[PDB]
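Sequential numbering from 1 along the given sequence is applied to the chain's residues. Worth knowing before you read on, the calculation uses all heavy atoms, side chains too, and leaves out hydrogens, waters and symmetry mates.
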Amino acid sequence: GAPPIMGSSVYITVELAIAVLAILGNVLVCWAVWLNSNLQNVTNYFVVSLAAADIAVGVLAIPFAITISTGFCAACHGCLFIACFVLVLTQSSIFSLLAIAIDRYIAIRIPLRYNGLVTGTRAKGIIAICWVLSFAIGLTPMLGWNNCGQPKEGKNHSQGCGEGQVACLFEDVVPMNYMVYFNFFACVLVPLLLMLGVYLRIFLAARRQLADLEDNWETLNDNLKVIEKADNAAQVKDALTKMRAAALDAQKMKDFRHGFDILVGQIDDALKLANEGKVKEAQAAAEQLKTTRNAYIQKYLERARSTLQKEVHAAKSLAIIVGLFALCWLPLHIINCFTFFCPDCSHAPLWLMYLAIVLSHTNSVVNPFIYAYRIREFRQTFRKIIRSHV
Ligand SMILES: CC(C)CCC[C@@H](C)CCC[C@@H](C)CCC[C@@H](C)CCCC(=O)OC[C@@H](O)[C@@H](O)CO
Ligand SMILES: CC(C)CCC[C@@H](C)CCC[C@@H](C)CCC[C@@H](C)CCCC(=O)OC[C@@H](O)[C@@H](O)CO
Ligand SMILES: CC(C)CCC[C@@H](C)[C@H]1CC[C@H]2[C@@H]3CC=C4C[C@@H](O)CC[C@]4(C)[C@H]3CC[C@]12C
Ligand SMILES: CC(C)CCC[C@@H](C)[C@H]1CC[C@H]2[C@@H]3CC=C4C[C@@H](O)CC[C@]4(C)[C@H]3CC[C@]12C
Ligand SMILES: CC(C)CCC[C@@H](C)[C@H]1CC[C@H]2[C@@H]3CC=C4C[C@@H](O)CC[C@]4(C)[C@H]3CC[C@]12C
Ligand SMILES: Nc1nc(NCCc2ccc(O)cc2)nc2nc(-c3ccco3)nn12
Ligand SMILES: CCCCCCCCCCCCCCCCCC
Ligand SMILES: CCCCCCCCCCCCCCCCCC
Ligand SMILES: CCCCCCCCCCCCCCCCCC
Ligand SMILES: CCCCCCCCCCCCCCC
Ligand SMILES: CCCCCCCCCCCCCCC
Ligand SMILES: CCCCCCCCCCCCCCC
Ligand SMILES: CCCCCCCCCCCCCCC
Ligand SMILES: CCCCCCCCCCCCCCC
Ligand SMILES: CCCCCCCCCCCCC
Ligand SMILES: CCCCCCCCCCCCC
Ligand SMILES: CCCCCCCCCCCCC
Ligand SMILES: CCCCCCCCCCCC
Ligand SMILES: CCCCCCCCCCC
Ligand SMILES: CCCCCCCCCC
Ligand SMILES: CCCCCCCC
Ligand SMILES: CCCCCCCC
Ligand SMILES: CCCCCCCC
Ligand SMILES: CCCCCC
Ligand code: NA
């Protein structure tokens with residue numbers, strides 16, 4: 001076979017290229033949030049936590065990956081730390097993505113409560129806690145769930161390791177039951193499914209809000225036409241009672257209020273006339289409603305639609321991030337599943353292991369590109385930083 005160093009040179013070169021790009025792109029993210037107070041919100045605190053995890057992939061995880069590819073002799077607990085540290089960063093990523101999804105879910109479901117439920121001070125606490133949990137989950141093998149007690153003597157002697165040392169190779173020291181049941185099923189796949197569920201609920205909530213606006217609008221307009229071709233007070237009375245309900249629902253910032261005050265007032269004026277039997281005065285009063293609608297209500301309606309559309313677009317953008325996370329990490333997990341559940345199967349070849357590893361690391365490059373393409377405030381801040389400071 002070809003000298004191993006030839007394939008190793010390609011591996012190391014690609015890992016270093018990923019490292020540089022992971023560091024540069026994610027530093028730009030952090031720099032942008034620092035510069036631009038418009039980007040300084042709780043959602044972006046999680047973005048910065050995720051960018052920090054991606055910088056740490058370039059600075060630490062990639063160097064550790066290069067090291068462990070050599071099978072160097074190491075004390076088994078030192079080997080575990082180098083093998084498992086990337087699991088801490090990946091777990092931190094998962095918590096940041098989960099926090100973002102729930103943040104956007106609260107923002108769309110209880111917008112009035114959001115700013116008092118979800119504060120910077122609480123966010124910072126949540127981020128600290130998530131990082132501590134990430135260290136505990138990813139370094140669980142250091143607590144004894146490891147293969148350090150069952151060393152590969154063949155490898156130890158061939159690499160000529162000293163006493164207490166192992167040839168530091170991932171699948172020799174990290175148990176596959178940990179990787180499949182604990183890391184993959186419990187710590188990765190369950191959070192990804194929860195995130196899928198939350199995004200689904202976001203899109204369902206936006207659509208139901210947009211439906212309710214459009215139904216209130218159409219209720220207004222249709223009862224306006226009922227009133228016009230009406231024949232008696234009872235008809236006009238009913239159509240106005242329906243308009244009043246529709247109007248109060250639509251309502252649930254000074255110029256906005258004034259507009260609905262004019263509407264409900266005009267409705268209530270036409271309501272008192274109807275009761276007293278004056279059908280034509282009620283019908284005439286109701287013709288006023290059309291200019292209030294055109295001047296005030298159609299403006300609030302289109303503003304509300306435009307806000308919801310922006311929330312849906314932002315939610316799509318963040319869901320893309322989760323989808324790319326999944327794309328980049330699932331191959332390695334699926335390979336581990338074959339290793340573990342199919343002992344009759346040939347192990348995935350080395351070249352495929354290293355491709356899957358490289359793909360996992362490429363995840364730490366992509367997010368700054370998604371922000372730049374999808375989120376105008378990031379794109380514009382990146383432009384300013386690049387022009388001015390380069
Ligand atoms: C990637 C680049 C663009 C940016 C990187 C930035 C800088 C700061 C990287 C820092 C790298 C270091 C943290 C790397 C640590 C390397 C360690 C893990 C090597 C360990 C090797 C070792 O133990 O020696 C081998 C022998 O001692 C062994 O065989 C016997 O014990
Ligand atoms: C995020 C997504 C939208 C795009 C990501 C792009 C992905 C596919 C990365 C592209 C890189 C590849 C085209 C090149 C990688 C080739 C490497 C993995 C070959 C590995 C060779 C090998 O087996 O070397 C290691 C061993 O031979 C042994 O010597 C240990 O070092
Ligand atoms: C501020 C940052 C850069 C500090 C980085 C510290 C890192 C590189 C240190 C902390 C713990 C260290 C490990 C401690 C124990 C061992 C076992 C030994 O047999 C081989 C080296 C090895 C595996 C060390 C490699 C380097 C190491 C991983
Ligand atoms: C998430 C998206 C990108 C799908 C990726 C699926 C990948 C991970 C799948 C596609 C086909 C799969 C391979 C098909 C056959 C074998 C041979 C078996 O003896 C070891 C596992 C191995 C090598 C599988 C590992 C995982 C694999 C490479
Ligand atoms: C995509 C997300 C939502 C689900 C992930 C599906 C994973 C867990 C599935 C997809 C394909 C599956 C593999 C398909 C084939 C085999 C070979 C069999 O001898 C053992 C089970 C094994 C190795 C399966 C294990 C579980 C597996 C890897
Ligand atoms: N299975 C696996 N192996 C490795 N590296 C070792 C690749 C390899 C596997 C077999 C071999 O004989 C020589 C090298 N890194 C790995 N990282 C992960 C991982 C991280 C998150 C999910 O899986 N899994 N994983
Ligand atoms: C992109 C900057 C330069 C790229 C680095 C060149 C790669 C050569 C280093 C070779 C060292 C090999 C160490 C042992 C590997 C054996 C693993 C089986
Ligand atoms: C908001 C700043 C980020 C906070 C990061 C601090 C993390 C400190 C290290 C975590 C300690 C947990 C120990 C559990 C694993 C022990 C295994 C030997
Ligand atoms: C298994 C699910 C994975 C599906 C991937 C979802 C991503 C869709 C891509 C469309 C939008 C991408 C915007 C910019 C792409 C830049 C990529 C570096
Ligand atoms: C070998 C390094 C892999 C880096 C691959 C990262 C892909 C990022 C997408 C960039 C697309 C830019 C398109 C501009 C027109
Ligand atoms: C920053 C304050 C300390 C955080 C306290 C974390 C609470 C941990 C509760 C149970 C630990 C479960 C870890 C799984 C091994
Ligand atoms: C054989 C080396 C084992 C070292 C483990 C000692 C540290 C105890 C871990 C406590 C974890 C607390 C984290 C908060 C959940
Ligand atoms: C999302 C579905 C996840 C469940 C996958 C569990 C698969 C277990 C595979 C059992 C294989 C045992 C091998 C027997 C020869
Ligand atoms: C990065 C994940 C996608 C990899 C696509 C390549 C699939 C080819 C798999 C063939 C491997 C068969 C080797 C078994 C001996
Ligand atoms: C409000 C913006 C603050 C930016 C914080 C930057 C944190 C960077 C930590 C990266 C750690 C990698 C080693
Ligand atoms: C704007 C507040 C966000 C602070 C997040 C910073 C996270 C830094 C953790 C560094 C751990 C890297 C090993
Ligand atoms: C006594 C040699 C093996 C011990 C492994 C040390 C790993 C944990 C210490 C690193 C601290 C992180 C900054
Ligand atoms: C600048 C960072 C380069 C990566 C460091 C390489 C570490 C390889 C150690 C080899 C162990 C025998
Ligand atoms: C280290 C400061 C940021 C420099 C910006 C250079 C271009 C960023 C490239 C993104 C992959
Ligand atoms: C575990 C991740 C959940 C983060 C929730 C987001 C903020 C809610 C504060 C009440
Ligand atoms: C593998 C399941 C996670 C996908 C979630 C992405 C939502 C578009
Ligand atoms: C239902 C799970 C049991 C299969 C375990 C197989 C381990 C190789
Ligand atoms: C990028 C593909 C790696 C090489 C595949 C075949 C090597 C035997
Ligand atoms: C200059 C970096 C060399 C990589 C380790 C052999
Ligand atoms: Na990450």
Side-chain angles (χ1 to χ4, degrees), residues 15 18-19 22-23 26-27 29-30 42 44-68 74-103 120-149 166 168-195 321-322 325-326 328-330 332-333 336 357 360-361 363-364 367:
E15 287 276 51
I18 293 162
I23 296 167
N26 282 294
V27 164
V29 172
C30 291
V42 159
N44 286 342
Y45 298 156
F46 295 112
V47 165
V48 168
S49 187
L50 184 57
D54 286 334
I55 294 165
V57 169
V59 170
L60 289 170
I62 285 174
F64 292 172
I66 290 167
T67 301
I68 197 165
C76 194
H77 292 77
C79 175
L80 280 175
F81 181 82
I82 293 318
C84 294
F85 183 67
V86 63
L87 303 181
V88 172
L89 301 180
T90 307
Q91 198 68 38
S92 179
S93 292
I94 283 162
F95 286 143
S96 288
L97 294 172
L98 185 55
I100 291 167
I102 290 166
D103 176 78
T121 273
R122 292 176 188 166
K124 281 154 187 158
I126 288 167
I127 289 169
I129 287 171
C130 288
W131 272 103
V132 167
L133 289 177
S134 291
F135 271 94
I137 289 169
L139 297 184
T140 279
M142 285 185 85
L143 303 181
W145 194 357
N146 69 57
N147 291 335
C148 289
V166 297
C168 188
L169 292 169
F170 186 94
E171 295 191 5
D172 292 351
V173 299
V174 184
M176 214 40 79
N177 49 27
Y178 170 86
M179 287 305 302
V180 171
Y181 292 139
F182 195 95
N183 192 270
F184 180 39
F185 288 175
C187 291
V188 172
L189 186 57
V190 168
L192 284 172
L193 291 178
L194 289 177
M195 285 175 238
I321 298 294
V322 179
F325 178 92
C328 286
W329 282 101
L330 281 172
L332 208 32
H333 290 293
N336 287 342
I357 288 167
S360 75
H361 295 169
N363 187 248
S364 299
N367 294 343

- request: Establish, from distance only, whether the side-chain atoms of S49 and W131 form a donor-acceptor pair under 3.5 Å.
  value: yes

message: Using side-chain heavy atoms (C-beta onward) and a distance below 4.5 Å, is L139 in contact with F81?
response: yes

- prompt: How about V42 and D103: do any of their side-chain heavy atoms sit closer than 4.5 Å?
  reply: yes

field: Heavy-atom check, side chain of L332 versus side chain of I357, under 4.5 Å
entry: yes

4.5 Å side-chain heavy-atom contact, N146 and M142: no

- request: Side-chain contact test, heavy atoms from C-beta onward, threshold under 4.5 Å: evaluate it for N336 versus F184 and give yes or no.
  value: no

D172 side, atom CG; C79 side, atom SG - distance, nearest 0.5 Å: 8.5 Å

- line: Residues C187 and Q91: closest non-hydrogen pair is O-NE2, 3.0 Å

query: What is the minimum heavy-atom distance between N147 and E171, and which atoms define it?
result: ND2-O, 4.3 Å

CG on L89 to OG on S134, rounded to 0.5 Å: 8.5 Å

statement: Here the pair of heavy atoms bringing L80 nearest to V174 is CD2-CG2, 4.1 Å

message: What I'd like to find out is whether the side chain of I18 reaches to under 4.5 Å of the side chain of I62, using heavy atoms alone.
response: yes

- line: On a heavy-atom basis, the closest approach of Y45 and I127 is O-CD1, 3.7 Å

task: Would you indicate whether the side-chain heavy atoms of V180 and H333 approach each other to under 4.5 Å?
output: no

query: Got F46 and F95 here, is their nearest side-chain heavy-atom distance under 4.5 Å?
result: no

- line: Nearest heavy-atom approach of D54 to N363 is OD2-O, 4.3 Å

